[PDB]
Amino acid sequence: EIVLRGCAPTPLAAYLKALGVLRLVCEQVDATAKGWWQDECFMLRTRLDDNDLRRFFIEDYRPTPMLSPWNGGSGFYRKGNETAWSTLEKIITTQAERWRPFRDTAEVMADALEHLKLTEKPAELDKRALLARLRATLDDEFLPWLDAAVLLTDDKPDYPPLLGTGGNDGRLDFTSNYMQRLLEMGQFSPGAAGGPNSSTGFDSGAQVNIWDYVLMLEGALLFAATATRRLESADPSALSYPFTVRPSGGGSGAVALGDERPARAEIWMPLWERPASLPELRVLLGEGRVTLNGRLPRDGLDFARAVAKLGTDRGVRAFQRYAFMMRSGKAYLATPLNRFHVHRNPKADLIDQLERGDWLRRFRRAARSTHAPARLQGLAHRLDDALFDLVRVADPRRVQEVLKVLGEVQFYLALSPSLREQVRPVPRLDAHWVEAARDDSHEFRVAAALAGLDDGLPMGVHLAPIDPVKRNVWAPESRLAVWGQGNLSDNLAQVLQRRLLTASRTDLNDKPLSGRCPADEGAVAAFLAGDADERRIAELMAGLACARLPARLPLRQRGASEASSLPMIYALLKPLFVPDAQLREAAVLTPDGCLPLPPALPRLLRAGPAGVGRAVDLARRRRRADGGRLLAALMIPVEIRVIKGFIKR
């Protein structure tokens, strides 16, 4: 038994790579070999060893002739570029035994395309005709790629999501890249080329592990021809692979609603407990029958509920959920998702407001109405998914998802008078939706700066019973919970004192006060000027401290507060507080070696205008070597350029 530790169940590329390895090993001589998940890895049972497997792939492995005239992938297309032609010519000018299938397939597809007699490209009806001809002229080893990439249908074509627009993205195809990688030996992987989700420091010329890509495309072929329509209702309607439903952003976290709304599809990949041979996997991945029962599982939540019911059969231990998300652009990425569960939740109480006047029920009751096309039913399904996700995970982006689906529903209903008649006027909801919903004002930036501390300890350990190890759970004990109520300055002062005490007891000389969702000089000025809303800042900070912090929300900022109303005393005192690392980076004359804030300074600041004068005298004396709001402002995290600006002044 071989452990393919280069493969973990994620990303989707790795799962497909495992399937491709198993498929190739089985098909080519080792038919009854078996392949199952274990140890965060794929397991293979075969009479190949590691060395036999490597020799197989290096010296004998015939790749599947992935060539697609149904898109720009046969090697013969009007719109294209030179490298692809050079590649295809080199492959056609082969006579190697390993390349024979590619030559035959390319010749056949060229002949079919010529038989189309095109100007530049064929149309949808012509696409179906071309697919039929290719099916009638290809051979056994090619047809799995045809079945995976494209469909033959009664009324209109539709493109399976796993391979984009039919093995194609935009106006170009995966087959040319596949060929180029082979000779060296779009939508492919977020682990290599994902949207901004992790710490920075990477660059490449659109590079990918070539074996990963090849084996991924090889494994994608196990998704078979039984991707039929849901014979439901009475007009042309849903087509999909097995295990396919649209995605919901429960547990997504490092994802934005601008990508959820256009999400192409969601696919649930089974994981299983014992070695499984290829034909059983073909049955499993061909049927994947989660499509039934008149209120169809259009989206992921119904799939999850079926899993909970064991409606998705046992033997499959788990499903790895993947969402094809549009990364605010022209491309879709197969984003993996981590797992959360239905349980008690304070933000879930928000949903009760939607139950006022029974609105939600009425809306749901209206959704089936077929005079509203499948769109209304799909929106109702999406709303149910978003609400269940809100119950599962208390996160501002889930609240935003619910609000966005509600807005889309409202727009759709506004376009339909008959539907407008069927639901009574909406009940009043409470302001807590908004406060949990998106915020990004000066209040929000100050709150996120205060909440987004990253010296190990999150701000939660002060505002709530929290510990850094479990940031969205009933966590272990980090005992700094000294927060309070009402106006924000006193509670921030208490947090500063407790952080200084914790630093002294840990003996952290550099105060743990660095934050990485910072405010700005304008936000700090608005706070200091006496005009910003303190209470909303406090509530937003408490909310933001609740969970594992996401990559970042869509930031949409606002202008600074300044009209001859921004003091210098803040600049005089700030260098005494800033994390020493940062300060040392900062020009300030003050020492570099780290420091627990000069002993008496916070108390003097809290002692009022006379106390502020004493604090200024003390700061002057140390640098040679009104209060409360000023202290709270001094706590706010901001970046080094502001400190440089201060020093210049």
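Taking a ≥ b ≥ c as the square roots of the eigenvalues of the Cα gyration tensor of segment 532-575, is the shape rounded (a/c under 1.5), prolate (a/b larger than b/c) or oblate? The shape class here is prolate. Start at zero, step by 10 Å, and the Cα-Cα distances of segment 23-64 spread as 27, 55, 18 percent across the bins.
Here the 3J(HN,Hα) profile of segment 484-496, calculated from phi with Karplus coefficients 6.51, -1.76 and 1.60 at θ = phi - 60°, is x, 10, x, 4, 7, 5, 4, 5, 5, 4, 4, 5, 4 Hz, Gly and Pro shown as x.
Residues whose amide H comes within less than 5 Å of that of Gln38, counting only those at least five positions distant or on another chain, are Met43 (H built at 1.01 Å from N in the peptide plane). Site pair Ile58 and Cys41 shows an inter-label distance of 2.0 nm when each label is modelled 7 Å from Cα along Cα→Cβ.
In a fully extended conformation the segment linking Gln497 and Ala308 would gain 63.3 nm over its present Cα-Cα distance, using 0.36 nm per residue. Using the Karplus relation 6.51 cos²θ - 1.76 cosθ + 1.60 with θ = phi - 60°, the per-residue 3J(HN,Hα) values for segment 618-625 come to 5, 4, 4, 4, 5, 6, 4, 5 Hz, with x marking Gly and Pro. Computed log10 I(q)/I(0) for segment 499-616 at 0.11 Å⁻¹: -0.49, from the Debye equation with unit scatterers placed on every C-alpha and solvent omitted. Distances between placed amide hydrogens fall under 5 Å for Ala318 paired with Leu271, all partners being 5 or more residues away or on another chain.
Using just its DSSP H runs of length 4 or more, each adding -39500 (n - 2.57), the chain gives a mean residue ellipticity at 222 nm of -13000 deg cm²/dmol after division by all residues.
Within the same chain, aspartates and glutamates fewer than 8 places from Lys117 are excluded, and of the rest, those with a Cα less than 20 Å from its Cα are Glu107, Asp126.
Based on every Cα atom in segment 230-291, Rg and the maximum pairwise Cα distance Dmax equal 15.3, 42 Å.
Dividing the convex hull volume of the alpha carbon atoms of the chain by its residue count gives 204 Å³ per residue.
When Rg and the Kirkwood Rh are both derived from Cα coordinates, the Rg/Rh ratio for segment 89-233 amounts to 0.99.
Toward the positive end of the charge dipole of the chain, with +1 on the Cβ of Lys and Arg and -1 on the Cβ of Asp and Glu, the farthest Cα among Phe223, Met179, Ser441 is that of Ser441.
Among the trypsin sites (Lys or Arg not before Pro) in segment 131-184, those located in a DSSP loop and surrounded by at most 15 other Cβ atoms within 10 Å of their own Cβ are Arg171. Here the Karplus curve 6.51 cos²θ - 1.76 cosθ + 1.60, taken at θ = phi - 60°, turns the phi angles of segment 43-56 into couplings of 10, 10, 10, 6, 7, 5, 9, 3, 5, 4, 4, 5, 4, 3 Hz, with x standing for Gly and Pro.
For segment 338-471, what is the per residue volume of the convex hull drawn over the alpha-carbon atoms, in cubic angstrom? Spell out each step's value before the answer.
Numbers: hull volume 18.2 nm³, N = 134.
Dividing the Cα hull volume of segment 338-471 by its residue count gives 136 Å³.
Rounded to the nearest 20 debye, the dipole magnitude of the chain is 2060 debye, with +1 charges on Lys and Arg beta carbons, -1 on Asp and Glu beta carbons, and the Cα centre as origin.
Find, among the GluC sites (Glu not before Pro) in segment 75-150, those assigned to loop by DSSP (not H, G, I, E, B) with at most 15 other beta-carbon atoms within 10 angstrom.
On the way: sites: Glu82, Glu89, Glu97, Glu107, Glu114, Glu120, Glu124, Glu141; in loops: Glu97, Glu120, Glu141.
Filter output for segment 75-150: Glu97, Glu120, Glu141.
Between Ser514 and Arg339, the simple label model (points 7 Å from Cα in the Cβ direction) yields a spacing of 3.5 nm.
Using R0 = 45 Å, the C-beta based FRET efficiency linking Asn293 and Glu477 works out to 0.45.
Kirkwood analysis of segment 1-88, using all unique Cα-Cα pairs, places the hydrodynamic radius at 15.0 Å. Measuring nothing but how far apart in sequence close Cα pairs (under 8 Å, 6+ apart) lie, relative to its length, segment 347-436 scores a relative contact order of 44 percent. Going 7 Å from the Cα of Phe411 along its beta-carbon direction, which residues of segment 321-345 have the amide nitrogen within less than 20 Å of the resulting point? Under 20 Å, as judged by backbone N against the label point of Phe411, lie 325-331 of segment 321-345.
Return the distance in nm (one decimal) between the two label points of a simple spin-label model at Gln28 and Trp211, each offset 7 Å from Cα along Cα→Cβ. Here the modelled spin labels are 1.2 nm apart. Computed from the C-beta positions of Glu562 and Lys330 and an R0 of 30 Å, the FRET efficiency is 0.15 to the nearest 0.05.
Which of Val307, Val495 comes first, and how do the rest follow, when ranked by fewest Cβ neighbours within 10 Å? Mind showing how you got there, number by number?
Numbers: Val307 17, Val495 24.
The most exposed by this proxy come first: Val307, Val495.
To the nearest 0.05, what FRET efficiency results for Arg505 and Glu639 with a Förster distance of 35 Å applied to their C-beta separation? The computed FRET efficiency comes out at 0.75.
For the residue pairs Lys17/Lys127; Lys330/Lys404; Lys79/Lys330; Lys127/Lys330; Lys470/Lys511; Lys347/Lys404, the alpha carbons lie more than 25 Å apart in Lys17/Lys127. Expressed in Å, the radius of gyration and Dmax of the Cα atoms of segment 127-174 are 10.7, 29. Ratio of Rg to Rh for segment 442-648: 0.94 [Cα atoms; Kirkwood radius as inverse mean 1/r over pairs].
Neighbour counts run over all protein chains shown; Cβ positions are idealised from the backbone, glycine included. Bear in mind these aren't lab numbers, they're just calculated from the coordinates by the rules spelled out.
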